[PDB]
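Some notes on the structure that comes next.
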Amino acid sequence: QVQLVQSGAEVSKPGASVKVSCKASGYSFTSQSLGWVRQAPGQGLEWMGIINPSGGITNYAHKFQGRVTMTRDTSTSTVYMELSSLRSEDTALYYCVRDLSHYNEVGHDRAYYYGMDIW
Amino acid sequence: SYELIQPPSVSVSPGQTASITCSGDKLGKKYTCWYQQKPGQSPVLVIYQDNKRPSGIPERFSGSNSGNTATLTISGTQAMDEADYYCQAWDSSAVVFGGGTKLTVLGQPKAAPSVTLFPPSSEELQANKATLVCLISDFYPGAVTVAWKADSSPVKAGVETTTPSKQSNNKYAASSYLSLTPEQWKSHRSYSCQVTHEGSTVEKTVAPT
Amino acid sequence: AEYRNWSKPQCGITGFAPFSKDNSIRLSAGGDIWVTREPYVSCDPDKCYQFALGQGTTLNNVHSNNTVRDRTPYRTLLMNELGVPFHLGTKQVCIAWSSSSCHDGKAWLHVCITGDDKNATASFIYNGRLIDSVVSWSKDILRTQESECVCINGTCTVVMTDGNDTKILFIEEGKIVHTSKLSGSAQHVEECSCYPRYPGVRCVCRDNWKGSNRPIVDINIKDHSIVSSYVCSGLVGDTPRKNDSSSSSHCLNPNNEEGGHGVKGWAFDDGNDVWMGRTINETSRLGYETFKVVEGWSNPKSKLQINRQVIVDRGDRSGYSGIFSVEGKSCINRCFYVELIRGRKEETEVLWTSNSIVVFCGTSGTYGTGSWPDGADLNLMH
Amino acid sequence: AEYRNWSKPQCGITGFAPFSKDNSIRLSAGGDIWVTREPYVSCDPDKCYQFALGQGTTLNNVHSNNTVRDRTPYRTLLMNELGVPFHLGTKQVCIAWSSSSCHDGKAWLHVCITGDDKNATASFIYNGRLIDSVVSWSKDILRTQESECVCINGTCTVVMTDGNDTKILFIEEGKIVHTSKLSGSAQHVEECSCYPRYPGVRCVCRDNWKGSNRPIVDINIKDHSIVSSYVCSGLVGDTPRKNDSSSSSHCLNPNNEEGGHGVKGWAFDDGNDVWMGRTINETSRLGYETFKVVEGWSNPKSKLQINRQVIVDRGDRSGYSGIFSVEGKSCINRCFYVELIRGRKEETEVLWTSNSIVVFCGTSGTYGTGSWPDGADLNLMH
Ligand SMILES: *[C@@H]1O[C@H](CO)[C@@H](O[C@@H]2O[C@H](CO)[C@@H](O[C@@H]3O[C@H](CO[C@H]4O[C@H](CO[C@H]5O[C@H](CO)[C@@H](O)[C@H](O)[C@@H]5O)[C@@H](O)[C@H](O[C@H]5O[C@H](CO)[C@@H](O)[C@H](O)[C@@H]5O)[C@@H]4O)[C@@H](O)[C@H](O[C@H]4O[C@H](CO)[C@@H](O)[C@H](O)[C@@H]4O[C@H]4O[C@H](CO)[C@@H](O)[C@H](O)[C@@H]4O)[C@@H]3O)[C@H](O)[C@H]2NC(C)=O)[C@H](O)[C@H]1NC(C)=O
Ligand SMILES: *[C@@H]1O[C@H](CO)[C@@H](O[C@@H]2O[C@H](CO)[C@@H](O[C@@H]3O[C@H](CO[C@H]4O[C@H](CO[C@H]5O[C@H](CO)[C@@H](O)[C@H](O)[C@@H]5O)[C@@H](O)[C@H](O[C@H]5O[C@H](CO)[C@@H](O)[C@H](O)[C@@H]5O)[C@@H]4O)[C@@H](O)[C@H](O[C@H]4O[C@H](CO)[C@@H](O)[C@H](O)[C@@H]4O[C@H]4O[C@H](CO)[C@@H](O)[C@H](O)[C@@H]4O)[C@@H]3O)[C@H](O)[C@H]2NC(C)=O)[C@H](O)[C@H]1NC(C)=O
Ligand SMILES: *[C@@H]1O[C@H](CO)[C@@H](O[C@@H]2O[C@H](CO)[C@@H](O[C@@H]3O[C@H](CO)[C@@H](O)[C@H](O)[C@@H]3O)[C@H](O)[C@H]2NC(C)=O)[C@H](O)[C@H]1NC(C)=O
Ligand SMILES: *[C@@H]1O[C@H](CO)[C@@H](O[C@@H]2O[C@H](CO)[C@@H](O[C@@H]3O[C@H](CO)[C@@H](O)[C@H](O)[C@@H]3O)[C@H](O)[C@H]2NC(C)=O)[C@H](O)[C@H]1NC(C)=O
Ligand SMILES: *[C@@H]1O[C@H](CO)[C@@H](O[C@@H]2O[C@H](CO)[C@@H](O[C@@H]3O[C@H](CO)[C@@H](O)[C@H](O)[C@@H]3O)[C@H](O)[C@H]2NC(C)=O)[C@H](O)[C@H]1NC(C)=O
Ligand SMILES: *[C@@H]1O[C@H](CO)[C@@H](O[C@@H]2O[C@H](CO)[C@@H](O)[C@H](O)[C@H]2NC(C)=O)[C@H](O)[C@H]1NC(C)=O
Ligand SMILES: *[C@@H]1O[C@H](CO)[C@@H](O[C@@H]2O[C@H](CO)[C@@H](O)[C@H](O)[C@H]2NC(C)=O)[C@H](O)[C@H]1NC(C)=O
Ligand SMILES: *[C@@H]1O[C@H](CO)[C@@H](O)[C@H](O)[C@H]1NC(C)=O
Ligand SMILES: *[C@@H]1O[C@H](CO)[C@@H](O)[C@H](O)[C@H]1NC(C)=O
Ligand SMILES: [Ca+2]
Ligand SMILES: [Ca+2]
């Protein structure tokens, strides 16, 4: 019964910021990393980054370094994604994903590549 | 930055075997994933770690990664398998996606696109604006790539293209717009709209005269 | 020179006394010191050695950037006498991003894993010569103990895992003479801290998927049979874990509490009691403590600890820890090391990731209190 | 201590396993490391050593400029235990811009050539004392193997060339006791990689003028007779060379394909088959691969290879390579090193020219895949 439920749709002005949330359930929140993948209308998938809820360490894609902040609240089993300095090409569908991979960049000793099994 | 190359479209008939490739430098050294995105829903993991299937994924879906190419194979394709398929790998812990492949289960014979290129209306030019309209109709499968040419040089800025949508006759249509200044319109001898569909290109040309 | 047999009773232990500390990171601010991680300590009959997996670079070095990556072709096993920091004269004994080492009483054995993730190679080097090699069996990152193996009567045992398939290899003078698959109720076994428990070998390992109680693996050297369970102690030893009042345990199954992560650790039995070390912080690798849990080896409801010692204060970073055993005049002593990790990604003041070590040894005497952290000031290191 | 006889069969070999890597260039970006080239590995009965020809300077040093010159009065032979990088504590065992070294079971022999191009001097140092010397005979750059010589029953053999005149010298405890001229059908012989093949010595060398197939020199230790031919394998081992589909070979003559250049390399026989290493790139020293060619030792039409292994990826730099042999309990093992050249003139990011090394050893076990290049980022080194 693993599932991720996301916040509602948003319209934002260029230059401002937007914050989307995502609630995880069906498993122990602290056991798996959570990430964000976006898709411009009619385009492909574009990875933004991940956060490890155990420790809160983040790893962002280079294109979004300095523009994105990912946070987590273990008490509410919720992760957040805040994108600032919004531009027109940030119009997209933003997916919350569960990444079963183990990245050194978020505190794992042995890097392990699995994939994003829940969207 | 690492890049994965997928063919934009792949077509099969019901019950046939579809094969979607994904190419990258020394891709066989890395782990690959395949995602299936049906129209209107979220992507679904169908293959992880080159060739493993998550529980609940039909055994028709198989994967292989060797040398510089990864391949997703769907034996006995059904109509429900129509979707976009994305390969995915990692480059120094950064997730990388392929461009995506539209899979079409052919329900009718293929059809070449009809291309009509509209110059800017005199009502738009008199309003100090200029928009080229390239209309593409009556093609199948629904996958085309549009390329604009200033005389013989490619234009990149000001180009906006819509995703192919279905017509009433079960065939597909798409549109592409090239916005430019009125002066950019007069300064060139001709502008061209190239629509490539299933490996062959159909191009139309207009002139300010 | 004769083979070690470890056929002596375990020393009486009231606690642990300070033994060694290398101050590696503090020295690297004024000198050329290797970037390392996954260290461990092992002794031949004469002297003790510190091992670590280098990153093919020193700290004050452009190549120390992004040393959080754990597998590269430039990682090698470093070997120095215990207390000699890893300076530029340090010997790289093999190519490895995962390793284990032990002395059988006659010569050193090194187990060294390197190569591709899907197709790694374990090399077996005995007395400075390559004797054997084996390929990854699950084709999914072959790895081993990151601490000392154990030899008895010329037969050395090392625990290795692949994929999520754990095997126990028996090596005589560098040659793989037998391979046993992991049997028993331990569900995930990684980075085992093994020690001689005559007539066999006992390992306390890390369950990175399902439990915060540590798995146990018992190895019979004579018939190559393997049995495995979990440390009973209601005070579990892995990190992350629940607090002491709400944590639970089980002697045969993982406790299903805070799975998905872990840290290499150790424990050893003292009758029905268990001596163990762990991080003080329950969620992160901060601080390090040791204590004895009465009935902790046989009773999963026991939360009664005694003889607690703070090794690293709760505000300072720790990391991996493991056990090594030393043969005395009449008994076998138990010692342990603690890896003190500094740098990325938990600390953003610097671009590198490395560690120092502190080492303690069991004592039958008396002792006091203290704290021996890494001690480097990363804010001033640039 | 007794003289080595190498009177044991060659070990069964399925391939090669990782053994050592020094990471010399990566370390030199944060530490004082010698500038070197022409390295090699040789072992006494106890431990193995890495050798190299220094340039009288470290890398982070004004004197490392223009170290592409191969003959200077400041070049010396460096000697360290295998795995210890060439730091400032390294011993310079002799003056040399060309050298060869071997252990006869009792002491080390070093052959060291230095001096003027038209009038060089080869010094023979045995157990740390100068015993003999010989002047260049052709008065045109005297040079030798740049890898280990081979000793049998106290008699060591070393191949030396002068001018375009190749001689084989027999040395007992440092004293030249016999000199044989090169006989046979090998037309140009340089930088031989020799190994004990009881009761004699076999060398696979470099034909720098006429062939991309490697010449062979067979040395009889008892009557001092020399015979020479070429490696038959249709997959030739030198660089440059033609591609695999169009290359040809010959058992007695050079193939007359891509002459005028070459690279030091190695090969050894396994029945009618041949094990060999070579650069992956056919024209430049990029990548390094090993494989067995079935019938490759006796059939010049054979292009059927098996057991290929990538040692260095085709996109990374290699260089010289050579063989060294190790005596095990029951058989003689074959190992090899690869010089990983970095810097001028192929790479213009830096002013210096140097190298690191990676070492592999034959195994009877199994293995996987990987790539172990130098790994230094010259763009960041300034
Ligand atoms: C100088 O250095 C020395 C050496 O390092 C220091 O001595 C060491 O001090 C530490 C810290 O105090 C000790 O570890 C602690 O041990 C206690 C257990 O020991 C106590 O309880 C024993 C059992 O008591 C029951 O049974 C007896 C039967 O005789 C009854 O009388 C009792 O009423 C109880 O029913 C008792 O036998 C002990 O007495 C013996 O030892 C003491 C020395 O401490 C002597 O005075 C006596 O003469 C006698 O010899 C002793 O009273 C554990 O309880 C400790 O763990 C708890 O506390 C930790 C914090 O320190 C905490 O992290 C743990 O989680 C644990 O938590 C407890 O508290 C929680 C909330 O507070 C509860 O939720 C939880 O349930 C639990 O109750 C700890 O393990 C070392 O043993 C001791 N070493 C030696 C060799 O003596 C010394 O302190 C230093 N001095 C200075 C000034 O720095
Ligand atoms: C993990 O690590 C391990 C260990 O490193 C890897 O295994 C190793 O893989 C390499 C690369 O594949 C192998 O080297 C290659 O060997 C083949 C020869 O072997 C093949 O052919 C044998 C002969 O086939 C004839 O005869 C048999 C009779 O039985 C018939 O059945 C056939 O039909 C043919 O008539 C055959 O016996 C072999 O099978 C055996 O081994 C394989 C393992 O590979 C097993 O499946 C079998 O069960 C059996 O045990 C095998 O089929 C060479 O051909 C290779 O050289 C060619 O390819 C190179 C590129 O890799 C290239 O550089 C060479 O130039 C050469 O070129 C070929 O292709 C060119 C164009 O493509 C042609 O122009 C040219 O003529 C030639 O044809 C290479 O040498 C190692 O042997 C193998 N090592 C071990 C110990 O198994 C493993 O792959 C790694 N895995 C991963 C996922 O990373
Ligand atoms: C164990 O170590 C972790 C760090 O790895 C400690 O977690 C840290 O705790 C502090 C204090 O609670 C957190 O800062 C605070 O956050 C709260 C959030 O409401 C805020 O109100 C405070 O003003 C302050 O900013 C810090 O974020 C947190 N770090 C991480 C990475 O989670 C933890 O406290 C340690 N446990 C014990 C028992 O000491
Ligand atoms: C240590 O390693 C980190 C991680 O690689 C380095 O940070 C990265 O440095 C590169 C520059 O080589 C940055 O890429 C550049 O980005 C800009 C856009 O901001 C682009 O215009 C350039 O073409 C180039 O792609 C990258 O953003 C940066 N990433 C981060 C997270 O900082 C760092 O430079 C290294 N430091 C040292 C001292 O070697
Ligand atoms: C490393 O070695 C190279 C090669 O010797 C040095 O480059 C050379 O440096 C000299 C300066 O000592 C240059 O000579 C000068 O040329 C100018 C005309 O351009 C002339 O007016 C001066 O009187 C003097 O002769 C020489 O051109 C230059 N050659 C090249 C190819 O760069 C280099 O300076 C050395 N670098 C270091 C850091 O030591
Ligand atoms: C290890 O080797 C020693 C010596 O060969 C063995 O010692 C024997 O031990 C048994 C009981 O432990 C005694 O009954 C014998 O008298 C001992 N023999 C000798 C020659 O001392 C020991 O058993 C071996 N242990 C293991 C686990 O292999
Ligand atoms: C090297 O020296 C050894 C020892 O002197 C020689 O060993 C002899 O080998 C022959 C045949 O190989 C035997 O018939 C003799 O019985 C051996 N003698 C001894 C004393 O062991 C060996 O022949 C010498 N080899 C070379 C190439 O000089
Ligand atoms: C221990 O953790 C539990 C979580 O189940 C919490 O309810 C309890 O308050 C914690 N106790 C202490 C003393 O922190
Ligand atoms: C090999 O080299 C020859 C040159 O004689 C060339 O004609 C041929 O095309 C080459 N083959 C390949 C596969 O590159
Ligand atoms: Ca755990
Ligand atoms: Ca040549």
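Please note: Cβ atoms are built from the backbone with ideal geometry, for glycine as well, and neighbour counts cover all protein chains shown. Read-outs: derived from the displayed coordinates by stated rules, not from any lab.
Is there any pair linking a residue in the stretch C:280-291 that is within 11 Å of chain A (Cβ to nearest Cβ) and within 11 Å of C:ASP238 (Cα to Cα) to one that is away from ligand 10 (no atom under 16 Å from the Cβ) and of a type in the set (A, V, I, L, M, F, W, C), with Cβ under 9 Å and at least six apart or on different chains, and which?
From the stretch C:280-291, the pairs are C:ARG285/C:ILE341.
Quick test for you: out of D:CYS194, D:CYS205, D:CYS251, pick the one residue that is crowded, with 17+ Cβ neighbours inside 10 Å, away from chain C (no Cβ under 14 Å) and more than 15 Å from ligand 11 (Cβ to nearest atom). Give the steps one after another, and end with the answer.
Details: D:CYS205 fails: more than 15 Å from ligand 11 (Cβ to nearest atom); D:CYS251 fails: crowded, with 17+ Cβ neighbours inside 10 Å.
Among D:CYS194, D:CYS205, D:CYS251, only D:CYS194 is crowded, with 17+ Cβ neighbours inside 10 Å, away from chain C (no Cβ under 14 Å) and more than 15 Å from ligand 11 (Cβ to nearest atom).
Among the numbered conditions (1) within 13 Å of another protein chain (Cβ to nearest Cβ); (2) closer than 25 Å to C:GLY259 by Cβ; (3) within 14 Å of the chain's Cα centre (by Cα), tell me where A:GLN3 comes up short.
Of the numbered conditions (1) within 13 Å of another protein chain (Cβ to nearest Cβ); (2) closer than 25 Å to C:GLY259 by Cβ; (3) within 14 Å of the chain's Cα centre (by Cα), the odd one out for A:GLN3 is (3).
Name the strands (runs of 3 or more DSSP E) wholly inside the stretch B:63-142 in which the number of residues that are in contact with a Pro (Cβ under 7 Å, 6 or more places away or on another chain) is 3 or more.
Working: elements: B:69-74, B:83-91, B:94-97, B:101-105, B:114-118, B:130-139.
Where strands (runs of 3 or more DSSP E) fall fully within the stretch B:63-142 and carry at least 3 residues being in contact with a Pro (Cβ under 7 Å, 6 or more places away or on another chain), they are B:101-105, B:130-139.
Every residue in the stretch D:343-361 that is closer than 20 Å to D:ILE280 by Cα and within 13 Å of chain C (Cβ to nearest Cβ), please.
D:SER356, D:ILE357, D:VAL358, D:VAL359, D:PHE360, D:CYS361
Give all pairs with beta carbons closer than 8 Å in which a residue from the stretch C:242-262 that is away from ligand 10 (no atom under 12 Å from the Cβ) meets a residue that is not in a loop (DSSP other than H, G, I, E, B); count only pairs at least 6 apart in sequence or on separate chains.
Note: pairs meeting the criteria are C:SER249/C:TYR230; C:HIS250/C:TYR230; C:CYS251/C:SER229; C:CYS251/C:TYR230; C:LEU252/C:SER229; C:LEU252/C:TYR230; C:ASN253/C:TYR230.
Identify the single condition in (1) within 14 Å of chain C (Cβ to nearest Cβ); (2) farther than 30 Å from C:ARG342 by Cα that A:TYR112 does not satisfy, given that it satisfies every other one.
(2)
Please state which of the following conditions C:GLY271 fails to meet, knowing it meets all the rest: (1) more than 26 Å from C:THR366 (Cβ to Cβ); (2) surrounded by fewer than 18 Cβ atoms within 10 Å (Cβ to Cβ); (3) of a type in the set (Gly, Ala, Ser).
Every condition holds for C:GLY271 apart from (1).
Go through the stretch C:129-152 and count every residue that is outside any strand (DSSP E or B), closer than 22 Å to C:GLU38 by Cα and within 10 Å of another protein chain (Cβ to nearest Cβ). Break it down stepwise before answering.
Initially, the stretch C:129-152 is screened for residues outside any strand (DSSP E or B), giving C:136-142, C:144-147, C:149.
Imposing the further condition that a residue be closer than 22 Å to C:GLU38 by Cα reduces the set to C:136, C:140-142, C:144-147, C:149.
Keeping just the survivors that are within 10 Å of another protein chain (Cβ to nearest Cβ) gives C:136, C:140-142, C:146.
Counting residues in the stretch C:129-152 that are outside any strand (DSSP E or B), closer than 22 Å to C:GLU38 by Cα and within 10 Å of another protein chain (Cβ to nearest Cβ) gives 5.
Is it the case that some residue within the stretch D:15-26 is on the phi < 0 side of the Ramachandran plot and either more than 22 Å from the chain's Cα centre (by Cα) or within 16 Å of ligand 9 (Cβ to nearest atom) (or both)? If you could, list the steps in order and put the result at the bottom.
Going through the stretch D:15-26, the residues on the phi < 0 side of the Ramachandran plot turn out to be D:16-22, D:24-26.
The next check asks that each one be either more than 22 Å from the chain's Cα centre (by Cα) or within 16 Å of ligand 9 (Cβ to nearest atom) (or both); those that pass are D:26.
Within the stretch D:15-26, one or more residues are on the phi < 0 side of the Ramachandran plot and either more than 22 Å from the chain's Cα centre (by Cα) or within 16 Å of ligand 9 (Cβ to nearest atom) (or both).
Output the residues belonging to the stretch C:110-120 that are closer than 20 Å to B:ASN65 by Cβ and part of a strand (DSSP E or B). If you could, list the steps in order and put the result at the bottom.
Residues of the stretch C:110-120 closer than 20 Å to B:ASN65 by Cβ: C:115-120.
Matches in the stretch C:110-120: C:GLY115, C:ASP116, C:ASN119, C:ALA120.
So D:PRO300 clears everything in (1) at the interface with chain C (Cβ under 10 Å from one of its Cβ atoms); (2) in contact with a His (Cβ under 6 Å, 6 or more places away or on another chain) except one condition, right? Which one?
Evaluating D:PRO300 over (1) at the interface with chain C (Cβ under 10 Å from one of its Cβ atoms); (2) in contact with a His (Cβ under 6 Å, 6 or more places away or on another chain) leaves (1) as the failure.
How many of the residues making up the stretch C:318-332 are away from ligand 6 (no atom under 16 Å from the Cβ), assigned to a strand (DSSP E or B) and surrounded by fewer than 23 Cβ atoms within 10 Å (Cβ to Cβ)? If you could, list the steps in order and put the result at the bottom.
Residues of the stretch C:318-332 away from ligand 6 (no atom under 16 Å from the Cβ): C:318-324, C:326, C:328-331.
Cutting the leftovers down to assigned to a strand (DSSP E or B) gives us C:321-324, C:326.
After this cut, where a residue has to be surrounded by fewer than 23 Cβ atoms within 10 Å (Cβ to Cβ) as well, the list is C:326.
Qualifying residue count, the stretch C:318-332: 1.
Of all the residues that make up the stretch A:39-52, how many are of a type outside the set (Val, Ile, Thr) and either under 11 Å from the mean Cα position of the chain (by Cα) or in a strand (DSSP E or B) (or both)? I'd like the intermediate steps shown before the answer.
Kept after step one, since they are of a type outside the set (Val, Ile, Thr), are these residues of the stretch A:39-52: A:39-49, A:52.
Keeping just the survivors that are either under 11 Å from the mean Cα position of the chain (by Cα) or in a strand (DSSP E or B) (or both) gives A:39, A:45-49, A:52.
Adding up the residues that qualify gives 7.
Yes or no, residue by residue, for (1) assigned to a strand (DSSP E or B); (2) within 22 Å of the chain's Cα centre (by Cα):
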{"position": "B:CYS22", "(1), (2)": "yes, yes"}
{"position": "B:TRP34", "(1), (2)": "yes, yes"}
{"position": "B:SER42", "(1), (2)": "no, yes"}
{"position": "B:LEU45", "(1), (2)": "yes, yes"}
{"position": "B:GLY56", "(1), (2)": "no, no"}
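Considering each residue of the stretch D:47-103, count those that are within 15 Å of D:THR353 (Cβ to Cβ), within 14 Å of chain C (Cβ to nearest Cβ) and under 17 Å from the mean Cα position of the chain (by Cα), and give that number.
0
If we only count strands (runs of 3 or more DSSP E) wholly inside the stretch D:156-221, which ones have 2 or more residues that are touching a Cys at 6+ places or on another chain (Cβ under 6 Å)? It would help to see each step written out before you state the result.
Details: elements: D:166-172, D:175-181, D:190-197, D:200-206, D:215-220.
Qualifying strands (runs of 3 or more DSSP E): D:190-197, D:200-206, D:215-220.
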